[PDB]
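> Next up is a structure, given as structure tokens.
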Amino acid sequence: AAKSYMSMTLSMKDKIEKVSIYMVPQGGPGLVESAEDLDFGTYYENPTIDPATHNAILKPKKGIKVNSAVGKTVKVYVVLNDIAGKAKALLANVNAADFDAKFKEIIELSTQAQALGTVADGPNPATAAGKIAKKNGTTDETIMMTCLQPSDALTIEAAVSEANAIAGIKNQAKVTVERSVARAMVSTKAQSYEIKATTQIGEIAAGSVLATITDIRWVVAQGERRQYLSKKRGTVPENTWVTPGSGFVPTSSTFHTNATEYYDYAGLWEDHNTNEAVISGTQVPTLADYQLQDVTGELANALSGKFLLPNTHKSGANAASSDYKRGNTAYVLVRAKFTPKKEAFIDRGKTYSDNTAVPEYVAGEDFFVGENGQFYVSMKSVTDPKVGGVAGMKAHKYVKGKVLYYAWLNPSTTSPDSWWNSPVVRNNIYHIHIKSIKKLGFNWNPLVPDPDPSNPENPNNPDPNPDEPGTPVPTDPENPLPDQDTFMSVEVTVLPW
Ligand SMILES: [Ca+2]
């Protein structure tokens with residue numbers, strides 16, 4: 001039953017499962033006519049490429065029935081792969097007059113509670129972005145897409161045959177769609193790195209090998225948990241496209257109480273391992289692993305990277321004028337095993353004040369790095385002057401040698417201590433390549449909200465504070481992005497997806 005037919009040419013490996021079309025009459029209050037959750041393979045041909053734009057076109061092969069909208073001037077909006085039902089639910093019973101504004105309103109992918117995981121959620125936590133972006137084995141990917149702007153207006157003519165609509169003779173419009181998530185990818189020059197001392201460390205002279213970093217893994221966190229259904233422009237040059245959390249600029253205290261109102265951390269538990277002797281997270285491929293034809297299984301999942309929801313703030317040229325902070329910006333967390341040479345330990349071969357012998361450092365065990373930069377086998381050593389310790393000195397405990405590094409997804413400018421800004425925008429790929437790991441990282445991750453910040457326990461953080469009270473924190477959520485002295489050498493590439 002149809003007063004007329006219409007169709008939609010769509011423009012952009014991606015699998016398109018579903019298509020939703022919304023015909024919005026112009027001019028004032030009115031009735032939207034929608035055809036939601038159509039089976040893509042029933043209504044469209046397979047994607048093909050155009051020489052000019054070198055982009056994909058999705059050509060209709062079946063007509064869309066029109067009834068209420070016949071004779072009206074409409075604009076057409078499109079959602080592809082609405083697989084969490086979010087667009088359908090947001091747009092239901094929306095008047096034609098309100099539809100354009102509603103199409104740029106917010107959808108919630110993870111609740112505030114869901115934005116934090118625990119150990120029981122690993123190794124495959126539900127993430128905000130994962131709910132609208134799925135990898136189908138190693139074959140292809142199903143990703144939600146929306147149009148940035150609707151079709152040019154057109155008048156739906158009555159009595160147009162399905163054949164003429166499909167052929168584009170009458171009642172055909174054109175829409176461009178873009179993916180609702182961004183992709184993070186990480187690679188590494190080598191799977192191991194040699195660390196040189198830059199000063200005397202125990203018996204290790206400056207310039208000599210201090211340690212080896214092995215078993216490098218990664219996770220991604222602090223993308224958003226909500227998003228504008230389709231991209232929303234800001235009002236100033238410093239932030240082209242705004243996100244629901246753009247206005248949030250944390251302080252040391254408001255980070256813990258308010259960060260989950262905007263950001264997802266469930267992904268920190270991806271590929272988590274409950275054995276603390278083992279490094280948690282996803283493997284990092286070498287550049288060589290991409291050239292490999294026919295990969296295994298868990299290497300395949302690592303190569304294709306991870307999804308996250310957009311996250312932008314007002315950009316600036318310094319700490320004062322940039323609203324990007326460590327507590328509101330998307331980050332890659334790199335985890336690795338740091339194995340120091342036993343000779344690096346200033347307490348080696350010495351005797352404690354209680355006349356017991358200082359034990360030799362055992363590879364893979366905890367070690368402690370004092371405020372003075374020296375290495376100790378225990379807290380007893382750290383504070384005992386007879387073994388090179390210092391009374392009242394604090395130290396960082398590296399739990400079974402676990403070290404942590406941050407990489408920001410879209411550093412600008414580059415390269416070391418001037419990347420003040422890091423916008424993450426949908427339908428882009430952020431490729432972080434590790435060229436080297438240059439020194440000792442951090443022993444825990446303070447960029448995770450702690451529901452009771454007065455104590456070090458935090459079940460929502462796989463890398464909680466292991467240190468005694470009064471120990472300086474490695475970093476703070478209210479800090480700006482750039483590192484005064486780089487822990488990692490990286491090159492970040494951003495390209496259209
Ligand atoms: Ca706590």
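> If only one of 470, 441 is touching a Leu at 6+ places or on another chain (Cβ under 6 Å) and not aliphatic (A, V, I, L, M), which one is it?
Result of the check over 470, 441: 441.
> Of the residues that make up the range 464-484, is at least one under 21 Å from residue 329 (Cβ atoms), touching a helix residue (DSSP H, G or I) at 6+ places or on another chain (Cβ under 8 Å) and within 16 Å of the ligand (Cβ to nearest atom)?
The answer is yes; a qualifying residue exists.
> Looking only at the range 151-185, which residues are in contact with a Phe, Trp or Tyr (Cβ under 8 Å, 6 or more places away or on another chain), of a type outside the set (A, V, I, L, M, F, W, C) and either under 30 Å from residue 408 (Cβ atoms) or crowded, with 22+ Cβ neighbours inside 10 Å (or both)?
Result: 171, 179, 183.
> Which condition from (1) assigned to a loop (DSSP other than H, G, I, E, B); (2) more than 12 Å from the ligand (Cβ to nearest atom) is the one that residue 430 breaks?
(1)
> Okay, next question. In this structure, does residue 440 turn out to be closer than 19 Å to residue 195 by Cα, touching a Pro at 6+ places or on another chain (Cβ under 9 Å) and assigned to a loop (DSSP other than H, G, I, E, B)?
Details: closer than 19 Å to residue 195 by Cα: yes; touching a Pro at 6+ places or on another chain (Cβ under 9 Å): yes; assigned to a loop (DSSP other than H, G, I, E, B): yes.
Against the criterion (closer than 19 Å to residue 195 by Cα, touching a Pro at 6+ places or on another chain (Cβ under 9 Å) and assigned to a loop (DSSP other than H, G, I, E, B)), residue 440 qualifies.
> Name the residues in the range 358-410 that are under 30 Å from residue 433 (Cβ atoms) and not hydrophobic (A, V, I, L, M, F, W, C), would you?
364, 373, 396, 398, 400, 401, 402, 405, 406, 410
> Quick one: what pairs do we get from the range 356-376, first residue at positive phi, second surrounded by fewer than 13 Cβ atoms within 10 Å (Cβ to Cβ), C-beta under 9 Å, 6+ apart or different chains?
Hits for this filter: 364/277; 373/199.
> Does residue 404 qualify as being in contact with a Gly (Cβ under 7 Å, 6 or more places away or on another chain), within 16 Å of the ligand (Cβ to nearest atom) and hydrophobic (A, V, I, L, M, F, W, C)?
Values: in contact with a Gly (Cβ under 7 Å, 6 or more places away or on another chain): yes; within 16 Å of the ligand (Cβ to nearest atom): no; hydrophobic (A, V, I, L, M, F, W, C): yes.
So residue 404 does not fit the description; no.
> Does residue 188 qualify as being crowded, with 16+ Cβ neighbours inside 10 Å and of a type in the set (S, T, N, Q)? Working first, answer last.
Values: crowded, with 16+ Cβ neighbours inside 10 Å: yes; of a type in the set (S, T, N, Q): yes.
Yes, satisfied.
> A further question on this structure: Quickly run through the range 304-324 and pick out the residues that are more than 11 Å from residue 421 (Cβ to Cβ) and over 15 Å from the mean Cα position of the chain (by Cα).
From the range 304-324, those more than 11 Å from residue 421 (Cβ to Cβ) are 304-311, 319-320; that's our starting set.
319, 320, listed by residue number.
> Now, a different point. Out of 140, 121, 152, I need the residue that is closer than 25 Å to residue 66 by Cα and acidic (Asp, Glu). Which one?
Details: 140 fails: closer than 25 Å to residue 66 by Cα; 121 fails: closer than 25 Å to residue 66 by Cα.
Matching residue, one of 140, 121, 152: 152.
> Test each condition in (1) surrounded by 24 or more Cβ atoms within 10 Å (Cβ to Cβ); (2) of a type in the set (D, E, K, R); (3) not in a loop (DSSP other than H, G, I, E, B) for residue 289 and report the one that comes out false.
Failed condition: (1).
> While we're on this one: Which condition breaks for residue 389 when tested against (1) in contact with a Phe, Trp or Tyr (Cβ under 9 Å, 6 or more places away or on another chain); (2) more than 20 Å from residue 271 (Cα to Cα); (3) within 16 Å of the ligand (Cβ to nearest atom)?
(3)
> How many of the residues making up the range 436-463 are more than 18 Å from residue 338 (Cα to Cα), within 13 Å of the ligand (Cβ to nearest atom), surrounded by 16 or more Cβ atoms within 10 Å (Cβ to Cβ) and of a type outside the set (D, E, K, R)? So that I can check it myself, show each step before the final result.
Taking the range 436-463 first, the residues more than 18 Å from residue 338 (Cα to Cα) are 446-461.
Remaining after also requiring within 13 Å of the ligand (Cβ to nearest atom): 446, 448-461.
Narrowing further to those that are surrounded by 16 or more Cβ atoms within 10 Å (Cβ to Cβ): 446, 448-450, 456, 458, 460-461.
Add one more test, that the residue is of a type outside the set (D, E, K, R), and what stays is 446, 448-449, 456, 458, 460-461.
Final tally of qualifying residues: 7.
Note: ideal-geometry Cβ built from the backbone for every residue, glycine included; neighbour counts use all protein chains shown. Each value in this text was obtained by applying a stated rule to the coordinates, not by laboratory testing.
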